[PDB]
Ligand SMILES: Nc1ncnc2c1ncn2[C@@H]1O[C@H](COP(=O)(O)OP(=O)(O)O)[C@@H](O)[C@H]1O
Ligand SMILES: [Ca+2]
Ligand SMILES: [Ca+2]
Ligand SMILES: [Ca+2]
Ligand SMILES: [Ca+2]
Ligand SMILES: [Ca+2]
């Protein structure tokens, strides 16, 4: 059976749950992190009253999250949580008690043999094959810049921005309604994400790329809705991703993902910065826009010295770099030393 | 009449590399200590962790190298990185962690192996299953090359004749016997390690010189075919102009060319454009994922290189363009070992010519306006948006029309079309499907 004990890994994602068995190329089950009421969970949801447990990358509906974990364990993965150890991901700056209630929830309503909690961004550097670097994990609802040196995070520079995937999709709905369309049937929100994920891209020079949009139709592409209608998206293709660099588009006053990375790197030691500049690893589904690596090299090269080599790292499979990291970490046959046994729970509490 | 002071304004092996080394290799999601017997042998499909402990001036400090093979899967790279932390944490944090990737090893790393490193092509299974080509074989070919001293590497190449290069030596292990091919520019240090490697054969070696290649040789390499036989590579760098490579990119916001020294295949980024100077030829390597802004500026800036050449221009010097995956054996020779499994699907240049049609693989060579100066394409050509003939100003596609056919579509001459208002020009163009 599983005397080797088949392990499990779950990425607690703000908008998408990525989970699977350890030792696999990629997660087997990816389902949205939503709980719905008139129970209703997953893409099966979309009159409803939706809620997001991890809306900002930290769990707030603590016991409500149990239902999501249940949906993962029993229906998506088709597994018995009592027989398999588990690897759970945590945000870069999770509450010290956030982990503890996770520890308890696993050991109680599911009777897991063991468990471990790992930082989402430290897992991402492992898939990249590096120990030193600054990661940008641009997810559905939250983004974090986490400098990591020799395997462990530097919390004096961990930074956070709440501009992410879901905000971009909504801004696309707006500018597309400005283009003269009208899709707000709640189910049609996914059609817009399909438009975003396939036809959008990041521009090296927003102004120049916006000018060519009115003097030509080169950047113009076409999308077939399920009603058979062919709509045309033009300057919106680069406007939606440009919000990440100019948060004023949706109304925020924060800095863009280019400035936050500079601020985070500078809050560190001068000597570790070069490696942090030459190992700017990218993670998250919102770092999968065409050209985001080029602009991030451009913007950072400006705010930085003239003699600093900037290298933006973009692993091809970064939409699941966190999961791929845990599958690597859990499958380590030396991870039993860091597993937390059920006996250790009973003796020491969640601690 | 003045010296711009900005002219002036424009790393070491901490020890001899003679300290102790503990090479661990990533096998089955765990570290397996390599036998001392297999030291100096790394498999390009597996990752390795090396523990170098040294005391300089009575001061014991630690360095942990994690060598990541070019074909090592994501699972092995993470295990290599994850355990370098653990061996660092075991030393309490006293270790400096260094990442090494194949073909770009630092000076201290190669010094740990006395500059003699053998990188087989193969490796253990990735993600926990299947093929384990842990045997070089009874028949393989090795490539000995040295950019500078302290880096004399032997890498397994496909046992084919195309893989042969003139600036380097080769060692063929066959069932019949071991032979050592020698090139016109084979440095002594390269030739030596070949003999040292070939001496391991209980049967011995039979040195062969370029030109004096007997027929029993090619029957083991499958047969003869054009290899890296360029004038620059045959000679020694004492006399031929040093092969140089430049990286052209707009990623910094400004189009720039930056030199890459000790250049190898890994230094090529598929997202930017590169130019290689070989005196006899200047190549333009076009990244498949490269920008059209980058491509054109590189094609032009290459011409500004021939002109400002501080020597004999030889103005008919072929400035040829090459595409990722269609590299000729003479472009690869200025680089070290060329891997076809990366962008050419493991097919030699000849095998590529057969399938891709030879003509399609042919290297093209580099060679605001009035209406006449604009190339006139038919209306049906400009009205489409789908892979139209390149070299078209998609902003002003109206100019690529003829003066005659212009008056049938728009009802006016281009002389009057431009004197019309701008909102009318953009409106009339969109009406005629030429925006
Ligand atoms: N190809 C793509 N292009 C642009 N955005 C994408 C692409 N694929 C996914 N996304 C966006 O990435 C988000 C999911 O990222 P993810 O890493 O799952 O977030 P989290 O880990 O915080 O749950 C989604 O909101 C989606 O809109
Ligand atoms: Ca995430
Ligand atoms: Ca391998
Ligand atoms: Ca250390
Ligand atoms: Ca040589
Ligand atoms: Ca580029």
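In chain A, numbers come from Swiss-Prot; the residues present are 3-40, 54-61, 66-370, in order.
Recorded method is X-ray crystallography, 3.3 Å.
Just so you know, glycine gets a Cβ as well, placed from its N, Cα and C.
Positions annotated as N-acetylaspartate by Swiss-Prot: A:3. Every protein chain considered, the tally of other Cβ atoms within 10 Å of the Cβ of residue A:3 (N-acetylaspartate) stands at 6.
Around residue A:75 (tele-methylhistidine), a 10 Å sphere centred on its CB holds 14 further CB atoms from the protein chains shown. Residues or ranges marked as tele-methylhistidine in Swiss-Prot: A:75.
The feature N6-methyllysine is assigned by Swiss-Prot to A:86. Classification of residue A:86 (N6-methyllysine) by DSSP places it within a helix.
Taking a C-beta cut-off of under 8 Å and a sequence gap of six or more, residue A:86 (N6-methyllysine) has these contacts in its own chain: A:37, A:54, A:56. Straight-line distance linking the Cα atoms of residue A:3 (N-acetylaspartate) and residue A:75 (tele-methylhistidine), rounded to a whole number, equals 39 Å. In the deposited model, 4 residues between residue A:61 and residue A:66 are missing, and the Cα-Cα distance across the gap is 9 Å. Secondary structure at residue A:3 (N-acetylaspartate), as computed by DSSP, is coil. In the deposited coordinates, residue A:40 and residue A:54 are the last and first modelled residues around 13 missing ones; Cα to Cα they measure 8 Å.
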